[PDB]
Amino acid sequence: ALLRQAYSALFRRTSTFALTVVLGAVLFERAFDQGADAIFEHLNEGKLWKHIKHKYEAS
Amino acid sequence: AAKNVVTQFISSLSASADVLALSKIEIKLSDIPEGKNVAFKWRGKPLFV
Amino acid sequence: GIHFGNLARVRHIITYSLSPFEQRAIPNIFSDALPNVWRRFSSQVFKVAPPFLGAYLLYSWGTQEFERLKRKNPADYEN
Amino acid sequence: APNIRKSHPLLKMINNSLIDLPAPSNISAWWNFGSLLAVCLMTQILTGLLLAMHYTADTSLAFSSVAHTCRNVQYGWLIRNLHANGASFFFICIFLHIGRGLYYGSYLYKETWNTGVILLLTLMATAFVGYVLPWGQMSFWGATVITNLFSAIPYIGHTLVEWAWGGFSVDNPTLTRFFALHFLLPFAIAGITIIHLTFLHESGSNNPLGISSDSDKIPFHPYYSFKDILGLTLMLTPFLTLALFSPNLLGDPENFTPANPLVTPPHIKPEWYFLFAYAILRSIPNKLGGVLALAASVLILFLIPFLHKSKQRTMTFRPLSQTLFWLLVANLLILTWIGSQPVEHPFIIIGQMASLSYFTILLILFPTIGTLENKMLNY
Amino acid sequence: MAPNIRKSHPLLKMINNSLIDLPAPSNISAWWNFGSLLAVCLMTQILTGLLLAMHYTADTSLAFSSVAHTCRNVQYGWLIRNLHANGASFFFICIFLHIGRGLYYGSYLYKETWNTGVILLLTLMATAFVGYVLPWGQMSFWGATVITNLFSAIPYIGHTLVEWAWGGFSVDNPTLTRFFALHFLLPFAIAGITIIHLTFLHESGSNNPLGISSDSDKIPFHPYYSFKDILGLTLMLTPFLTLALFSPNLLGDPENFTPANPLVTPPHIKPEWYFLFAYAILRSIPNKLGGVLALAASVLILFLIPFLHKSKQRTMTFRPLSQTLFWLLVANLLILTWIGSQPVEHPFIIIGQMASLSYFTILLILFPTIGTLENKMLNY
Amino acid sequence: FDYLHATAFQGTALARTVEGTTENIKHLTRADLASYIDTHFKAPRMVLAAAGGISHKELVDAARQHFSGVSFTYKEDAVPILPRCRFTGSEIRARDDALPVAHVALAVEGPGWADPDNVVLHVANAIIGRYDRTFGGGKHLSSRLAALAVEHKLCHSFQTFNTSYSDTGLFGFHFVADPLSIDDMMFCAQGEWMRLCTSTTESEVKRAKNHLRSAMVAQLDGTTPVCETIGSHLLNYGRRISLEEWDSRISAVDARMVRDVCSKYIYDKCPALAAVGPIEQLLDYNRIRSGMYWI
Ligand code: HEM
Ligand code: HEM
Ligand code: HEM
Ligand code: HEM
Ligand SMILES: COC(=O)CNC(=O)CCC/C=C\NC(=O)c1ccc(Cc2ccc(I)cc2)cc1
Ligand SMILES: COC(=O)CNC(=O)CCC/C=C\NC(=O)c1ccc(Cc2ccc(I)cc2)cc1
Ligand SMILES: CCCCCCCCO[C@@H]1O[C@H](CO)[C@@H](O)[C@H](O)[C@H]1O
């Protein structure tokens, strides 16, 4: 059972509870950022400098 | 949320954006006779020639 | 700074309650929750809304009457 | 000895006023604003310093420094936003925190209340000076009208103003000393807030039913600490939603034009939280009258405690009073609106009325309904 | 209920519970006065401070000039600066005895009351530092440039920490304005911690010159000490006014009458007197880090004094040995100061070096050692 | 202790008073009494125990003669297994500020007669032991809680208990205190409990052992108690446990053992709470729950 395994190896020992929020948040950020950035850069396709960039970036 | 708001506020202190770019300066090695030193207002701090 | 113990004199009252872990987060959202959320709304909308509505009206009138007084009345130019 | 949470001359305090604090098992959400107001204060002060670290109080650079702060400082712009609006969110919260008190008669805790009033008065003043720092067109003309208010007092009148401006008309000396003022006042608020809360702790919190609660109290923690963290996030959402999605909704745009001591703008309105006052000052057509009406329009709060006639404490059980209370609220909503409008018909008359009705509901309709009510219970 | 309205009023009770009925050793001397003076000192700096801040303009291109306009054009402005400028000193003077008083009579055994004290000192020190830069004079600058640069001694977060400080890549406007913010704020923090300081003290009562219980005889602060203090205040106020009225610039460097020039560091550079001993020590060790460290510890050592107490008695009154050693330390300090006043050259360099060693040594080894020996000579 | 049961096992059968209800005792009938005897007092569920200067044979012989009445169907040789009793974290507070002192009792679900862990548990319960006003021990007692209890006038008395049953059991402690010390006390206790789960030392247990050891020996002080040990042993453990055994089982226990077991049964478990008296100073299940972890 995930919740049990969860409660046993994580949410129990106050020491590891914390250690989780840390390594946890970490992933969350990394992931969240990507999403929102994507959900955003997507809702504004072809309007961001990141999209227009190649029309002048001599390469 | 907290980690980001602190980052945000904290970089509010570091250098602004109106902090200029590079140098390049004019100097005639004949304006410095044999045996002397001179100060030039260079990129913020002095420059000895 | 201690207030717990010197409060008041109470006699013969039994209370029973259960650990949070033994009971539900939020229970009876439909058989008990909402039906009460309503009651409340019902009993109070008749003391509250009245004067608010009363304002709304006055606001529109005042506003409508003002925008009206800005327009021009022909009876001053038919001469 | 025993635990290090009740014998530590410091730790004991955070525990004697924030954890073991006995609270009515039943205070609602209208009791939350207390904290929010606090979190609000401490928060303004932070954005405040951060800001003050880039502003430059001097007519010839005030405006431009604020822009540079927005445009060139890392997240500066955001930092202003939060400060600029926090002020509103602040006034909002304080407003309910006052209504909560009126309805449930917390005003019977006189000292805890009176301080409150002083606090309001200071916040009001505080925002006034802050607003002038950006040295915009309003900033100026606001700074010019408000201070001028004291010129209504005879003799020491015209003369008192001089200190204020530090001149014979608003100029640099005014700006710089306002910046000083603004920097200082908040702290005074934080200070009086301490007295405010400290007075409250002699009596315990009031409660929605208006009757003894000793018969059942609960530790602020975790009952209200949790209730509050939630309350905070429920109010924080809209305030962020504005300061992130519609920064200038609540703000006049005229103040995007550098002060010009030569041209007072045509469409002049103070920021929302001062409109009701504005309306009243504008209701009476006399320098002094308007001022006085104004002065009392707020100073009246000191009286509320002596205008309580009901045998019960809260309105929960007095429908009559209740209707009169909501009539007062709405009455206020109008006054505000009226302030948003120019001096013309119908507005002038509407304003005039609403004021009369404001003062009257407080000075006569509440004490009168209050008594009547008792006799209808047979007391 | 309660009879009189001086013990039941949740406010009035305080001024009466901490300033009137407050029990005090019937015998505290004059070295106990500095406490109040320090408070009156603070409360006073803050006044002259606001008054001043109401005319200053934190911005390199107008900093200097604003202060002069304040002196020259503001009604009594000049006086108001003087009082502020020197109050700082009077302030440091007072604080210095207030510490010595503590060392001699071992008040340091009231650990919390003491540790706060140290934090307080630290803040005051930092406070004056920022205040001094505002006038944007030559020292102001080069001072602001050297002192902040001190954090650049820490490795890794070093060079980088500095950046926040200056708000740039070298001292400039951003530094000045944020320093004004700092200076405006800190005092209040001092006033706040002073509340903790005093509040901790009130759990134990004041120490006393004989270093023995005093319960056997205490007296109300009022009027015994309220009166003793009003007098103390006027006895110190005289010289401090005498300077700020008859010799305004005695204690002040004149080099700072020349607008900051980021291009020329003056030849004869020495900090305001209250920082000389530090200065001397930082200058004693010929190594970036060593100097810093020695410095860091030259003050941070105060935190140790409480754990370096070995005598069975509390005050020195009854320990001639310790006493001599104590005065040796004082004088030792005096020298270090003087040494800071002098340039890096012989003999000075060597003299400085010694005096430092001797400072640290008297505190870390001679006090604890004499302290013990002493006990054995009483047969304990 | 009844209320403790009444809410600890609430809703089940264990959660009833032994003396039974007021209504029942007013209406029970010759009939009903009969059945109880008939339905319950049956040989496969009864034990003839005795101790003294008696010969085993000589004893059984008598049995054979009066406890006859052999059975036919397998039904009669069957021990009706009982329905499990659900433990429920909760509290029941009976207030009366008119009482001189207040009694509080806290507990977790026990392991049940069989479990070899009950040994460890009792070893633990010995570490905290018990205290009471008259104890000449005083501030020097070895029980941390006893010591604190004395130092700060925490309570008139307190005690640890390990009530065991066929399938379950209660494990905790009960103390009596003044209305103005219930708190401090409660607190010190919940702490000692934690200490158990986190830092019990080899000394703390060495003593505890030797104590338990001689406590069990005094359980066999005379004929009646020796007998009771047999009556109860057979009926619960299903045989007789010799002191030689009990002892060995104790010599086994060490710190590590205790720490794990107590964590196993105490750490972060919703407790059963029962308070009686002028109990205002103690006031929160949550807060108490919160005291079930870290320390
Ligand atoms: C910066 C100003 C203020 C802050 C931060 C503040 C904060 C608080 C806090 C923390 C509480 C306790 C919790 C609560 O009941 O909400 C409180 C209570 C109270 N405040 Fe304020 N307050 C402020 C202004 C005022 C004002 C302007 C008034 C009205 C004149 C006021 C009147 C009261 C009263 C009557 C209570 C009693 C609460 C009760 O009825 O139980 N406060 N305040
Ligand atoms: C007491 C709570 C506070 C309130 C109610 C408040 C309100 C305001 C207001 C109304 C403005 C004008 C905002 C605008 O330009 O739209 C402002 C500006 C300013 N405030 Fe505050 N403020 C508070 C505290 C402080 C504090 C504590 C500081 C720091 C000492 C501070 C620093 C500033 C600065 C630098 C400005 C000018 C820059 C700007 O306008 O963005 N404020 N404040
Ligand atoms: C702004 C900072 C300070 C102020 C305004 C201040 C004020 C006071 C006051 C009012 C007293 C009580 C009267 C007296 O004994 O003089 C006191 C006591 C004391 N302070 Fe400070 N203090 C300050 C800094 C410090 C510092 C820097 C130290 C030394 C690290 C310190 C150590 C003590 C101690 C040990 C006492 C105990 C007095 C005794 O021996 O009876 N204080 N302080
Ligand atoms: C904490 C006690 C205080 C100390 C130790 C102190 C010290 C100083 C120092 C060393 C200077 C430089 C004086 C000079 O130019 O010779 C100064 C300047 C200044 N301080 Fe303070 N100050 C204190 C508090 C304050 C406060 C509370 C304010 C007001 C918030 C203030 C405002 C100023 C201003 C405007 C200046 C610049 C003008 C000038 O240099 O005269 N000071 N202060
Ligand atoms: C936030 O700041 C502002 O809104 C100030 N700006 C303006 O008012 C801009 C327009 C200026 C013109 C007229 N203002 C008024 O007549 C006016 C009158 C009363 C008040 C309330 C108030 C009184 C004293 C005090 I002290 C404070 C408040 C506020 C404004
Ligand atoms: C009053 O201000 C001054 O005297 C500052 N001005 C100067 O120091 C002028 C000369 C600048 C050059 C060198 N200064 C130093 O080396 C110097 C070294 C240590 C200190 C003490 C001190 C440390 C941290 C801290 I934070 C504070 C103090 C102070 C100054
Ligand atoms: C409860 C309110 C939580 C607010 C969390 C918002 C976090 C702010 O998020 C910010 O978004 C920017 C734009 O993508 C990024 O560039 C920043 O690095 C990031 O910190």
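Conventions used here
- Residues numbered from 1 in each chain as written, not as in the entry; some residues may be left out.
- Chains lettered and ligands numbered in written order.
- Part of a larger assembly, values for the part shown.
- Heavy atoms only, no water.
- Residues with missing side-chain atoms left out of burial classes, pairs and counts.
- Helix = DSSP H or I, 4+ residues; strand = E, 2+ residues; numbered from the N terminus.
- Contact = heavy atoms within 4.5 Å.
- Donors = N, O, S within 2.8 Å, 3.2 Å for Na, K, Ca; no water.
- Tetrahedral: all angles 85-135°; square planar, octahedral: opposite > 155°, others 65-115°.
- Near = heavy atom within 4 Å.
- Polar contact = N/O pair within 3.5 Å; in protein donor to acceptor, adjacent residues only side chain to side chain.
- Nonpolar A, V, L, I, M, F, W, Y, C, P; charged D, E, K, R; others polar.
- Salt bridge = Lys/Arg side-chain N within 4 Å of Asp/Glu carboxyl O.
- Buried < 20%, exposed > 50% of the residue type's maximum accessible area, 1.4 Å probe, protein only.
- Buried area = accessible area lost by both parts, 1.4 Å probe.
- Pairing = 2+ DSSP bridges.
- Axes fitted to C-alpha atoms, helices over the stretch in contact; angles between N-to-C directions.
- Arc of directions from axis to C-beta.
- Core = buried A, V, L, I, M, F, W, Y, C linked by side-chain atoms within 4.5 Å.
- Expected span 1.5 Å × (residues − 1).
- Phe/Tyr/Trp six-rings, centres within 6.5 Å; stacked < 30°, edge-to-face > 60°.
- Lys NZ or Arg CZ within 6 Å of the ring centre and 35° of its normal.

- In the PDB archive, X-ray crystallography is given as the structure determination method for this entry, at a resolution of 3.51 Å.

1. Remarks on the overall build of chain B
For step 1, the next point in the chain: Within chain B, the regular secondary structure consists of 1 helix and 0 strands.
For step 2, the next point in the chain: In terms of overall dimensions, chain B has C-alpha extents of about 65 × 15 × 10 Å along its principal axes.

2. Observations regarding the overall build of chain F
For step 1, the next point in the chain: Across its full length, chain F holds 12 helices and 6 strands.
For step 2, the next point in the chain: Considering only C-alpha atoms, chain F reaches an extent of 65 × 50 × 35 Å along its principal axes.
For step 3, the next point in the chain: For chain F, the share of sequence-separated contacts (at least 6 apart) that also reach a separation of at least 24 residues comes to 76%.

3. Considerations on the coordination of the iron atom of ligand 3
Residues and elements named next belong to chain E.
For step 1, the next point in the chain: The protein atoms that coordinate the iron atom of ligand 3 are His98 (NE2) and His197 (NE2), at distances spanning 2.0 Å.
For step 2, the next point in the chain: In this structure, the iron atom of ligand 3 is surrounded by 6 donor atoms whose angles at the metal cover 79 to 178°, and the resulting shape is octahedral. Taken together, the residues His98 in helix 4 (residues 77–104) and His197 in helix 8 (residues 173–204) connect sequence positions 99 residues apart.

4. Describing the site of ligand 1
Residues and elements named next belong to chain D.
For step 1, the next point in the chain: Looking at ligand 1, there are 23 residues lining it, with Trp31, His97, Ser106, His196 and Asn206 nearest.
For step 2, the next point in the chain: In the model, an oxygen atom of ligand 1 is placed 3.1 Å from a nitrogen or oxygen of the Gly34 main chain.
For step 3, the next point in the chain: In the model, a nitrogen atom of ligand 1 is placed 2.7 Å from a nitrogen or oxygen of the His97 side chain.
For step 4, the next point in the chain: Put simply, the parts of the chain that give the shell around ligand 1 at least two residues each are helix 2 (33–52), helix 4 (76–103), helix 5 (110–132) and helix 8 (172–203).
For step 5, the next point in the chain: Residue contributions to the shell around ligand 1 peak at 6 residues, all from helix 5.
For step 6, the next point in the chain: Among the residues making up the shell around ligand 1, the classes are represented as 12 nonpolar, 10 polar and 1 charged.

5. Some points on the site of ligand 7
For step 1, the next point in the chain: With respect to spatial proximity, the complete set of residues near ligand 7 consists of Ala1, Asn4 and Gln8 of chain B together with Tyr75 and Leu240 of chain D.
For step 2, the next point in the chain: The environment around ligand 7 is built from residues contributed by chains B and D.
For step 3, the next point in the chain: Within the side chain of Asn4 of chain B, a nitrogen or oxygen atom sits 3.0 Å from an oxygen atom of ligand 7.
For step 4, the next point in the chain: Counted by class, the shell around ligand 7 contains 3 nonpolar, 2 polar and no charged residues.

6. Focus on the pattern of salt bridges
Residues and elements named next belong to chain E.
For step 1, the next point in the chain: Enumeration according to the criterion identifies 20 salt bridges over all chains in this entry.
For step 2, the next point in the chain: In this structure, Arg319 and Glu374 form a salt bridge, with 3.8 Å as the shortest nitrogen-oxygen distance. A residue pair is termed long-range when its members are at least 10 positions apart, and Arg319 in the loop between helix 11 (288–300) and helix 12 (320–341) and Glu374 in helix 13 (residues 348–376) qualify at 55 residues.
For step 3, the next point in the chain: Classification of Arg319 as buried rests on a relative accessible area of 4%.

7. Observations regarding the interface of chain F and chain C
For step 1, the next point in the chain: Counting residues at the interface gives 22 residues for chain F and 19 residues for chain C.
For step 2, the next point in the chain: For the pair chain F and chain C, the summed buried surface comes to about 1,700 Å²; carbon and sulfur atoms form 52% of the total.
For step 3, the next point in the chain: Area buried by chain F at its contact with chain C is led by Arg95, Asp97 and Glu280 of chain F, which between them contribute 28% of it.
For step 4, the next point in the chain: On inspection of chain F and its partner chain C, the count reaches 1 salt bridge.
For step 5, the next point in the chain: A salt bridge links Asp96 of chain F to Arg11 of chain C, with the shortest nitrogen-to-oxygen separation between them at 2.7 Å.
For step 6, the next point in the chain: Summed over the shared surface of chain F and chain C, the result is 10 residue pairs in polar contact.
For step 7, the next point in the chain: Listed by contribution, the elements that provide at least two residues to the side of chain F that touches chain C are strand 1 (90–96) and helix 12 (285–290) of chain F.
For step 8, the next point in the chain: With 7 residues, strand 1 of chain F is the single largest residue contributor to the side of chain F that touches chain C.
For step 9, the next point in the chain: Classifying every residue of the side of chain F that touches chain C by side-chain character gives 9 nonpolar, 6 polar and 7 charged.
For step 10, the next point in the chain: Of the strand pairs in this sheet, strand 1 (residues 11–18) of chain C and strand 1 of chain F are connected by 7 bridges, and their pairing is antiparallel.

8. Side note on the coordination of the iron atom of ligand 1
Each donor-metal-donor angle would ideally measure 109.5 degrees in four-coordinate tetrahedral geometry, or 90 or 180 degrees in six-coordinate octahedral geometry.
Residue and element names in this part refer to chain D.
For step 1, the next point in the chain: Donor atoms from the polypeptide that bind the iron atom of ligand 1 are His97 (NE2) and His196 (NE2), placed at 2.0 Å.
For step 2, the next point in the chain: Taken together, the 6 donor atoms surrounding the iron atom of ligand 1 define angles of 80 to 177° at the centre, an arrangement classified as octahedral. Within this pair, whereas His97 is found in helix 4, its partner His196 is found in helix 8, the two being separated by 99 residues in sequence.

9. Details of the sheet that holds strand 1 of chain C
For step 1, the next point in the chain: Taking strand neighbours across the sheet as the criterion, the 7 strands line up as 1(C)-1(F)-6(F)-2(F)-5(F)-4(F)-3(F) in an open arrangement whose pairing is mixed. At either end of the open sheet lies a strand with only one pairing partner, and these are strand 1 of chain C together with strand 3 (131–132) of chain F.
For step 2, the next point in the chain: Taken strand by strand, helix 5 (residues 117–128) of chain F contacts strand 4 (157–164) and strand 5 (169–177) of chain F, and its axis lies near 175° from that of strand 4 of chain F.

10. Quick look at the environment of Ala15 of chain B
For step 1, the next point in the chain: By secondary structure assignment, the location of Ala15 of chain B is in the segment after helix 1 (2–11).
For step 2, the next point in the chain: On the basis of relative accessible area, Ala15 of chain B is assigned to the partly exposed category, the value being 23%.
For step 3, the next point in the chain: When the C-alpha atoms of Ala15 of chain B and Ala39 of chain B are compared, they prove to be 26 Å apart, with 24 residues separating the residues in sequence.
For step 4, the next point in the chain: Those residues within four positions of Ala15 of chain B in sequence are excluded, and the remaining contacts are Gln74 of chain D together with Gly167 of chain E.

11. Considering helix 3 (residues 62–72) of chain D
Residue pairs spaced three or four apart in an α-helix point in one direction, given the helix's 3.6 residues per turn.
All names here are of chain D.
For step 1, the next point in the chain: Within helix 3, the full set of buried residues consists of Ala62, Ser65, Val66 and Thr69. Taken end-on, helix 3 shows its buried residues confined to a sector of 100°, consistent with a single buried face.
For step 2, the next point in the chain: Where helix 3 is buried, its residues meet helix 2, helix 4 and helix 8.

12. Examining the nonpolar core
For step 1, the next point in the chain: With 113 residues, the main nonpolar core has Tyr55, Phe91, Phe179 and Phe366 of chain D together with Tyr56 and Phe180 of chain E as its most contacted residues.
For step 2, the next point in the chain: Contacts of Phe366 of chain D, omitting those with residues within four sequence positions, involve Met315, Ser321, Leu324, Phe325, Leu328 and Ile361 of chain D.
For step 3, the next point in the chain: Residues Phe90, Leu103, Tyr225 and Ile339 of chain E belong to the second largest nonpolar core, which totals 55 residues.

13. Here we look at helix 11 of chain E
All names here are of chain E.
For step 1, the next point in the chain: Taking 1.5 Å as the rise per residue, helix 11 with 13 residues should run 18 Å; its terminal C-alpha atoms sit 18 Å apart, in good agreement.
For step 2, the next point in the chain: Check the buried side of helix 11 and you find it contacts helix 5 (111–133), helix 10 (276–284) and helix 13.
For step 3, the next point in the chain: At the N-terminal end of helix 11, a side-chain oxygen is found 2.8 Å from the backbone nitrogen of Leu289, two or three residues along, and the residue is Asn287.

14. Digging into the arrangement of the chains
For step 1, the next point in the chain: Contact analysis covers 8 pairs of chains in contact, and the most contacts occur between chains C and F.
For step 2, the next point in the chain: Where chain E comes nearest to chain F, the C-alpha atoms are still 20 Å apart, and the two do not contact one another.

15. Considerations on the packing of aromatic side chains
Aromatic ring pairs are defined here through the distance separating the ring centres and the angle between the ring planes.
For step 1, the next point in the chain: On inspection of all chains with the given rule, the structure shows 64 aromatic pairs over all chains.
For step 2, the next point in the chain: Seen in terms of ring centroids, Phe187 of chain D and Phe188 of chain E are 5.6 Å apart; in terms of plane orientation they differ by 45°. Their pairing is tilted. Of this pair, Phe187 of chain D sits in helix 8 while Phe188 of chain E sits in helix 8, placing the two residues on different chains.
For step 3, the next point in the chain: When its relative accessible area of 21% is taken as the criterion, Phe187 of chain D is described as partly exposed.
For step 4, the next point in the chain: Taking relative accessible area as the criterion, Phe188 of chain E reaches 23% and is therefore assigned partly exposed.
For step 5, the next point in the chain: Aromatic side chains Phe325 of chain D and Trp326 of chain D sit 5.0 Å apart centroid to centroid with 85° between the ring planes, which places their arrangement in the edge-to-face category.
For step 6, the next point in the chain: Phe325 of chain D gets classed as buried once you look at its relative accessible area, which sits at 8%.
For step 7, the next point in the chain: The aromatic ring of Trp31 of chain D is capped on one face by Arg100 of chain D, whose charged end is 4.8 Å from the ring centroid.

16. A word on unusual backbone geometry
For step 1, the next point in the chain: Following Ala1 of chain D, the chain continues into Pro2 of chain D via a peptide bond in cis, with omega recorded as 0°.
For step 2, the next point in the chain: One can find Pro2 of chain D in the segment before helix 1 (11–17).
For step 3, the next point in the chain: The linkage connecting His221 of chain D with the following residue, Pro222 of chain D, adopts the cis geometry, with an omega of 0°.
For step 4, the next point in the chain: Position of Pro222 of chain D among the secondary structure elements: in helix 9 (residues 220–245).
For step 5, the next point in the chain: Of note in the backbone geometry, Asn28 of chain C takes a positive phi value of approximately 55° without being a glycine.
For step 6, the next point in the chain: The backbone phi angle of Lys153 of chain F is positive, close to 50°, even though this residue is not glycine.
For step 7, the next point in the chain: Structurally, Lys153 of chain F can be placed in the loop between helix 6 (144–151) and strand 4.
For step 8, the next point in the chain: The exposed category is assigned to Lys153 of chain F, whose relative accessible area is 62%.

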